[PDB]
Amino acid sequence: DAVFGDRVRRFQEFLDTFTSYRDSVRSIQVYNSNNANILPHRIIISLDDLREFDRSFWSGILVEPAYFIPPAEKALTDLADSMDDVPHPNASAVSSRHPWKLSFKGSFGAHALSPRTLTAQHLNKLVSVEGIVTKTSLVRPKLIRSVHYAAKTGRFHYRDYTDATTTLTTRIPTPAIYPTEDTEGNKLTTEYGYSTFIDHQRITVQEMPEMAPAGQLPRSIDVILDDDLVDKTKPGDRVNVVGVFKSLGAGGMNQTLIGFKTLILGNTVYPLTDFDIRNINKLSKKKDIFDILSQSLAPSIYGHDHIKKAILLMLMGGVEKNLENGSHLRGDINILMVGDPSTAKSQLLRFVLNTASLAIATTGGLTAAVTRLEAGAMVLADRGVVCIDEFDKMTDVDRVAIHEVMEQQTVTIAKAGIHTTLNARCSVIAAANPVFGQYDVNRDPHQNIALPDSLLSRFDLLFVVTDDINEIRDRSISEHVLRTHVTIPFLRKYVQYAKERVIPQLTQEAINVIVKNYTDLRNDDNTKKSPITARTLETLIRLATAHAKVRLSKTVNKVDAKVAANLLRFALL
Amino acid sequence: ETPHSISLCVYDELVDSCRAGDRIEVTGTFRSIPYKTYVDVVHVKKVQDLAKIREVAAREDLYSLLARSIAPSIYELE
Amino acid sequence: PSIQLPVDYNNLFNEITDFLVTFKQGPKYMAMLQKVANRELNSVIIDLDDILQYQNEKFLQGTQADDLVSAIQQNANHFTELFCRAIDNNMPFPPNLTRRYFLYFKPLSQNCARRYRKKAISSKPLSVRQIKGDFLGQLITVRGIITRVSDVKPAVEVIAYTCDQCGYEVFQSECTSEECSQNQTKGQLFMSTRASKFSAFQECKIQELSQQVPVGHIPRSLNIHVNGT
Amino acid sequence: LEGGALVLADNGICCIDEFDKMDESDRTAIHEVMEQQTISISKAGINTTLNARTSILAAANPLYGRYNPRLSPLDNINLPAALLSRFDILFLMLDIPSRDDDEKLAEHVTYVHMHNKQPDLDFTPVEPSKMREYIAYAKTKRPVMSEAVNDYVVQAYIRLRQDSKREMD
Ligand SMILES: Nc1ncnc2c1ncn2[C@@H]1O[C@H](COP(=O)(O)OP(=O)(O)O)[C@@H](O)[C@H]1O
Ligand SMILES: [Zn+2]
């Protein structure tokens, strides 16, 4: 059709008026010329630039991708093959075959959607979907164009294969058995090495449980990956995918529940205010900043200030250290709580899930078991904080396997066959109750909880909390409940700002105090909640770094070590 | 034969000669039909150094030599 | 539709036959053919360094020649039969029914390619994750660990039939030979395994080494077919 | 076959942390790997042997959690003599508090997290890339000792052999 050429010209005009895209192509060509690895034939186009230049073409792509994108594909391919000479004869006949793909970015407006917000009214349109990748399939190539050669004639004839799973518009069904004879009847020769192939993979993007509504079945979408972006995300990755939400097959129109197979032809993959900054920084200048953020951790829960302080430090976290030797160092802080019930053990454990940017609340499966191997509860915890209740209920396998996660922050699969290493950069907080119904302060926590010292001591801070029979505790603990008969969103922004925009580093002045106190701890023979080892020295570094996160400073000062040492003694005495 | 194993074909009066768990010596023809390699079994069996042995048989240190020879890397333990 | 690809096999076949006869070790490959003629050798191991040296000798003398070394790597499936045709043209019913030899190629050595100032790709050790679909039909080297080994299996290539009505042998139910086609009566085709072409076949799965796997993924596997001796 | 921890580590090194927690079905298989470098499996009618050429490096905490100087050493392991006999260079890294030793370790570790270097300035260790080549090259050699030291060994063995009779009691 004639209108197709006009739409092609608009993209050519779009490329002309925005030199950034075409000069980037020229830079890519120069890079390929210097290597004459080869970069793929894909560039990214901003939708905002297209909208500001031609709304109808921009709207046409979103509403009718099959009728507006292929004109852009032809325009880009024609410009690429004509911007330079492509001098090499043999290489030009093969390297220039690949059509130049397009990728999209920018604001999507009404089409910025989720697997649940996406509906059938948006089908056969271009949409952007944000979700979590659940599983993927093996990459396999797609046949695009074949080349035929007759021995008796010595000349080449080419044939194309297209299908609706990769073609934007529904073309006449091409696929068939490979031909054997040409027009003249001469036997043809199958030139495997001159056929063009494109890799293909399907992924299953799902709505996150973090945002799913309660009591409703999930929504998920199938996404097709092609060519160069065929492998960009692993299962569990939070991804943003732009593609043509399109139907397949038939809903029983030919030859009952069978519906049209709606899925997205993915063409782009992206893995996932100033006033808030002017507020977070401003409020930190007062002398009592740290106590403010400790009170706002479940304010209705009375007491337990130090554990709230420890939880906040765990949320801020330390800095994992890497070296040119390839070493990795622990930077996460783990806390375990023990004692008699009815002391808000699970209340604060529940509160952490309500405060962290990402958190997983489960109970004592933890590791990947067997095939893709399912991602265990501790496996899915990367870059998050873990809330486990009934921590005593761990089985023998869980108790012996949690050691690697606790210290190395890594999950190692060593099952029969596949071996792999999975990131487990997670801070673990847990609570437990005595087996014998009541806690005995006359005996150590190892003799009460029945978890081995080799497991209990791995937690940096072990809190033993017991409600005394003293009346003054009973008065306050009951009055605070009866009294019920800086904002939390700001606090969560503060944690988001601190964990990303500031990375504190050590200083010899802090070392002067940290090493001194550890030396005193090793020298002090008085009984304590845990025997002092080198782990406490690492804990002090993490705690001081965690406090530096609160102060929003790239360096470390004396007060950071003073607070870290003081709190550590509290958990030990 | 080894833990591999291949299928065999038996005809005529060679039936009632093999049962599960038996050990067999086979003389037969190797075939292949579409790939399916198999044996046209043609027969089935189910069941100078003599002086050198005598020279060792009548010797005096026979028992010690045989006992020692079994484990040359292991001392004594007669 | 048609397009003129600048690949002239006529020039290449002349170069291949010239390389077979002229390239001295007398000629290395002609001596190998003499060994093959006396059944002393079953596998012809073509060295791509030998062809590259031949091109270098041709280039330094100013003689015109094509870049045969690159062509063989790019379309190695087609050149497998071309080298056989040249070898059959110079060795001391379809020919494949009597060929007792098997053809193999070994890649350019990196020392030689660097010496001749060329970017060898054939000998580069590749992991199955680096093996994209773009490299289909190319000559590549795969580095990994073997996980599965299929046992030796026969593999037919050309099935031979015999017709009692005319005595012709048909190479692939009813005889399609010229005598039976013209005649009103056609003979029945009976398969003959003795004249059929068979090859030894095995299949092996290669798996990525530990250092090749990026963090968070699973070591993929690739299938390898082994044919001949 | 689907390779486990030991089979994958064939012609390599297998590290087993928390070795004291290993079950009897785990440790009994360790005996054959330590002694024979092979694994014999007879299950579901399959009778095969696997190559298990592995170097076993196990690190574990004491049986009673920690070591106190009053405790006898053999009571701090859950392992019988057969496993301890199959080990070589059996270490025992006891931790004893000391103001002159904890100071050095603390200073060593605190410099590791402070700068991207080892605390030593007079010595620069070999980078792993060069270490791998030298170890591989060294591994290619096959030294053979002399008869003089061969007679030396049997004297030193008897020296060490006879002492343990007094030491054990
Ligand atoms: N300091 C406190 N302030 C307010 N409520 C508390 C406090 N301590 C305990 N409680 C109350 O006691 C109850 C016990 O919860 P919790 O101790 O978490 O259960 P469990 O003992 O089973 O873990 C909670 O519902 C909580 O409201
Ligand atoms: Zn006939």
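Structure determination for this entry, per the PDB record, employed cryo-EM and reached 3.3 Å resolution.

A. Layout of the overall build of chain C. From N to C terminus, chain C includes seven helices and nine strands. For a compact globule of 229 residues, the expected C-alpha radius of gyration is about 17 Å, and chain C comes in at 22 Å, more than 25% above that figure. With respect to the three principal axes, the spread of C-alpha positions in chain C is 65 × 55 × 50 Å. On chain C, the mean spot of the 25 positive side-chain charges and the mean spot of the 22 negative ones are 10 Å from each other.

B. Unusual backbone geometry, seen in detail. One non-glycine residue, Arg-383 of chain A, lies in positive phi territory at about 65°. Within the fold, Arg-383 of chain A resides in the loop between β13 (359–363) and β14 (385–389). Taking the relative accessible area as the measure of exposure, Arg-383 of chain A reaches 46% and is therefore partly exposed. Unusually for a residue other than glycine, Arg-117 of chain C sits at a positive phi of about 65°. Within the secondary structure layout, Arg-117 of chain C lies in the loop between α6 (110–115) and β3 (125–126).

C. Just the site of ligand 1, in detail. Residues and elements named next belong to chain A. Taken together, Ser-300, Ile-301, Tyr-302, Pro-341, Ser-342, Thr-343, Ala-344, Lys-345, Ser-346, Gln-347 and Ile-477 make up the full set of residues near ligand 1. Contact between ligand 1 and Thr-343: an oxygen atom at 2.8 Å from a main-chain N or O atom of the residue. Within the contact set of ligand 1, an oxygen atom lies 2.8 Å away from a backbone nitrogen or oxygen of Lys-345. A breakdown of the residues in the shell around ligand 1 according to their chemical character gives five nonpolar, five polar and one charged.

D. View of the sheet that holds β14 of chain A. All names here are of chain A. If you trace the five strands from one edge of the open sheet to the other, you get β13-β14-β17-β12-β18, paired in parallel fashion. Two strands bound the open sheet, and with one partner strand each, they are β13 and β18 (461–464). For this sheet the average axis-to-axis angle between neighbouring strands, irrespective of direction, equals 15°. Bridge count between strand β12 (residues 335–338) and strand β17 (residues 427–432): four bridges; the pairing is parallel. The partner of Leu-336 across the bridge, within β17, is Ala-430.

E. Layout of the interface of chain C and chain A. Taken together, the contacts link 24 residues of chain C with 29 residues of chain A. Summing the contributions of chain C and of chain A, the shared interface buries around 2500 Å²; its carbon and sulfur component is 57%. Connecting chain C to chain A are one salt bridge. The partner of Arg-220 of chain C in a salt bridge is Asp-231 of chain A, and the shortest N-O contact between them spans 2.7 Å. At the boundary of chain C and chain A, one finds nine residue pairs in polar contact. Split by residue class, the side of chain C that touches chain A holds 10 nonpolar, nine polar and five charged.

F. View of the pairing of strand β9 (residues 220–226) of chain A. All names here are of chain A. In terms of burial, β9 is largely enclosed, as five of its seven residues are buried. Inspection of the sheet shows strand β8 (residues 196–206) paired to β9 by seven bridges, in the antiparallel sense. Note on β9: the bridge partner recorded for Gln-206 is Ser-220.

G. Quick peek at the coordination of the zinc ion (ligand 2). Residue and element names in this part refer to chain C. Note on the zinc ion (ligand 2): its protein donors are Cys-163 (SG), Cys-166 (SG), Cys-175 (SG) and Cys-180 (SG). The metal-donor distances range over 2.3 Å. Taken together, the four donor atoms coordinating the zinc ion (ligand 2) and their angles of 108 to 112° define a geometry best described as tetrahedral. Taken as a pair, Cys-166 and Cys-180 share a single burial class, namely buried.

H. The arrangement of the interface of chain C and chain B in detail. Each side of the interface is counted separately: chain C has four residues, and chain B has four residues. In total, about 430 Å² of surface goes out of reach between chain C and chain B, with carbon and sulfur atoms giving 63% of it. The largest contributions to the chain C side of the interface with chain B come from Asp-151, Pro-154 and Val-156 of chain C, which together make up 64% of the buried area. For the pair chain C and chain B, the number of links is zero salt bridges. At the junction of chain C and chain B, the tally comes to zero residue pairs in polar contact. For the side of chain C that touches chain B, the per-class residue count stands at three nonpolar, no polar and one charged.

I. Representation of the arrangement of the chains. Contact between chain A and chain B is absent, and the minimum C-alpha spacing across the pair is 21 Å. Contact between chain C and chain D is absent, and the minimum C-alpha spacing across the pair is 8 Å.

J. Fine view of the packing of aromatic side chains. In the structure shown here, the tally under the stated rule is 20 aromatic pairs over all chains. Taken together, a centroid distance of 6.3 Å and an interplanar angle of 75° make the contact between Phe-18 of chain A and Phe-53 of chain A edge-to-face. For the pair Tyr-9 of chain C and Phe-79 of chain C, a centre-to-centre distance of 5.8 Å together with 70° between the ring planes defines the contact as edge-to-face. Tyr-9 of chain C sits in the buried class, given a relative accessible area of 9%. Residue classification places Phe-79 of chain C among the buried positions, given a relative accessible area of 0%. Ring pairs connect the aromatic residues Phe-11, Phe-14, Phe-18, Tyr-21 and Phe-53 of chain A, which therefore count as one cluster. Lying across the ring of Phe-13 of chain C, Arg-85 of chain C places its NZ or CZ 3.9 Å from the centre. Taking NZ or CZ as reference, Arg-115 of chain C lies 3.8 Å from the ring centre of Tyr-116 of chain C, over its face.

K. Molecular detail of the sheet that holds strand β2 (residues 25–31) of chain B. Residue and element names in this part refer to chain B. Judged by pairing direction, the sheet is mixed, and its three strands sit side by side in the order β1-β3-β2 without closing on themselves. Of all the strands in the sheet, just β1 (8–9) and β2 have a single pairing partner and so form its edges. Two elements, β1 and strand β3 (residues 38–45), share two bridges in a ladder whose sense is parallel. Within the sheet, the bridge partner assigned to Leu-8 lies in β3 and is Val-39.

L. Looking closely at the packing of helix α17 (residues 534–551) of chain A against helix α18 (residues 558–572) of chain A. Residues and elements named next belong to chain A. At a minimum axis separation of 8 Å, α17 and α18 run at an interaxial angle of 125°. Taken as axis vectors, α17 and α18 run oblique relative to one another. The hand of the α17/α18 crossing is right-handed. Of the residues in α18, those touching α17 at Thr-536, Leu-540, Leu-543, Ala-544, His-547, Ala-548 and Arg-551 are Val-559, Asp-560, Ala-561, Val-563, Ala-564, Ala-565 and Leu-568.

M. Geometry of the nonpolar core. In terms of nonpolar packing, the biggest core is built from 59 residues, with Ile-311, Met-316, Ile-429, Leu-461 and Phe-463 of chain A touching the most fellow members. A per-element tally of this core places helix α9 (residues 305–316) of chain A first, with eight residues. Ignoring any residue separated from it by four or fewer positions in sequence, one finds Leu-461 of chain A in contact with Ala-310, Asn-334, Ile-335, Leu-336, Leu-567, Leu-568 and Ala-571 of chain A. Core analysis: the next-biggest nonpolar cluster, separate from the first, contains 41 residues, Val-7, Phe-13, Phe-19 and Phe-79 of chain C among them.

What counts as what
Residues numbered from 1 in each chain as written, not as in the entry; some residues may be left out. Chains lettered and ligands numbered in written order. Part of a larger assembly, values for the part shown. Heavy atoms only, no water. Helix = DSSP H or I, 4+ residues; strand = E, 2+ residues; numbered from the N terminus. Rg over C-alpha atoms; globule rule 2.2 N^0.38 Å. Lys, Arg positive; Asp, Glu negative; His and termini not counted. Charge placed at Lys NZ, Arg CZ, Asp CG, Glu CD. Buried < 20%, exposed > 50% of the residue type's maximum accessible area, 1.4 Å probe, protein only. Near = heavy atom within 4 Å. Polar contact = N/O pair within 3.5 Å; in protein donor to acceptor, adjacent residues only side chain to side chain. Nonpolar A, V, L, I, M, F, W, Y, C, P; charged D, E, K, R; others polar. Pairing = 2+ DSSP bridges. Axes fitted to C-alpha atoms, helices over the stretch in contact; angles between N-to-C directions. Contact = heavy atoms within 4.5 Å. Buried area = accessible area lost by both parts, 1.4 Å probe. Salt bridge = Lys/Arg side-chain N within 4 Å of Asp/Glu carboxyl O. Donors = N, O, S within 2.8 Å, 3.2 Å for Na, K, Ca; no water. Tetrahedral: all angles 85-135°; square planar, octahedral: opposite > 155°, others 65-115°. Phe/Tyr/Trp six-rings, centres within 6.5 Å; stacked < 30°, edge-to-face > 60°. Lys NZ or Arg CZ within 6 Å of the ring centre and 35° of its normal. Parallel < 35°, antiparallel > 145°, perpendicular 65-115°, else oblique. Left-handed = near helix turned anticlockwise from the far one by under 90°. Core = buried A, V, L, I, M, F, W, Y, C linked by side-chain atoms within 4.5 Å.

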